[PDB]
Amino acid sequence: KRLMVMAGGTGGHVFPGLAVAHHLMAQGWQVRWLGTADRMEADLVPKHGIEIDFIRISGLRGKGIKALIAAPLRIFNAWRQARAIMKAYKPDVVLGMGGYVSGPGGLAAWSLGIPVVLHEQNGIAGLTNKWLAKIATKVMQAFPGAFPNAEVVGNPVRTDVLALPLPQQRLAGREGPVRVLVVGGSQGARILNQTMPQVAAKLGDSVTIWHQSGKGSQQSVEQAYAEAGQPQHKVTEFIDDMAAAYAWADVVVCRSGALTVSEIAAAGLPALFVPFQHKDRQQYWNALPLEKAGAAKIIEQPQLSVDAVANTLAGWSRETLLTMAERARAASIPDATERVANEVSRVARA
């Protein structure tokens, strides 16, 4: 049994993919990757012991479907190239995780009669996934609403976060300033870098903060905190030991990218989500479940202010937090990785 994972461009699509792959390789599967050379998967996949065939999707990047409907020809090359790869690798099934490289590969798998399985990581169906679903054999999504009748299996979660102790054990008799973790996605978010320091001035000693500013802002965010009179807080450009940071925290203030959301849930951590501002409210839809489950609270730009932030924090006792942490863990889907690996296997057995 052979499999070809189709994902690239961002870690949002690549990491959940590598996770499902390694999982099936341990089951004896032969996995091969379909990506693009000028992008992230080019260097990452190899370091995972998975071969990767490349194709070029030049004038295919940033296409709004009306551009594809308007001009099909553009996808014809990649389609051709993909059919070639699968002509040679004879995959039993293909797994699309989203991203531009997923369009050609999906169409190709489908034209050859090879079953195509799809995983959507966000609350709002992305680029190719929206139109690629049409020719899919099975669709799965992380949270509800991306697609009408699609199974909710959640996002595969990084191992180090899955090994975190449950809330109870973690918050067992904790005392002192609420440990506040601030995270702005892998890049960092200006909004948090400029808001949290002022929130520190208002809460003062009621909290101890660990602030992740993103590359090139550590010095900036640090100085802001000092000028607010709270020099003791810790600022980091990028936290490598994300899991330990999660385990240390009482609560988290952060953007709501899909994986971060899933991780917080699996980690059982109270959250105050500050969704990225966009007409699609993707980030907003990624956090809804944890909120609707009563484990967090969302604040879009409309209601985002220094006070609303400090206000929301001052009201969560360690009692509430402990309650929110369990609601988060209960609302999580830790075994997402196998849930997808199994559906793929399931379709494999025609």
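Counting begins at 1, following the sequence as shown.
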Review point. Higher mean Cα B-factor in the deposited model: 77-85 or 207-215?
Key: 77-85
Practice item. Take the C-alpha B-factors listed in the entry for 50-58 and for 282-290, compute each mean, and give the stretch with the larger one. Key: 50-58
Review point. Per the coordinate record, which of the options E227, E120, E263, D160 holds the highest CA temperature factor?
Key: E227
Check your understanding: If you compare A201, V116, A244, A71, which has the highest Cα B-factor in the entry?
Key -> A71
Point to revise | Third of the chain's Cα B-factor distribution that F147 belongs to, per the entry | key: highest
Check your understanding: Thinking about Cα B factors across the chain, which third does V31 belong to?
Key -> lowest
Practice item. Report the third (lowest, middle or highest) to which the CA temperature factor of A19 belongs, ranking only the modelled residues of the same chain. Key: lowest
Point to revise | Third of chain Cα B-factors occupied by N193 | key: middle
Point to revise | Chain third (lowest, middle, highest) by recorded CA B-factor, residue given as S186 | key: middle
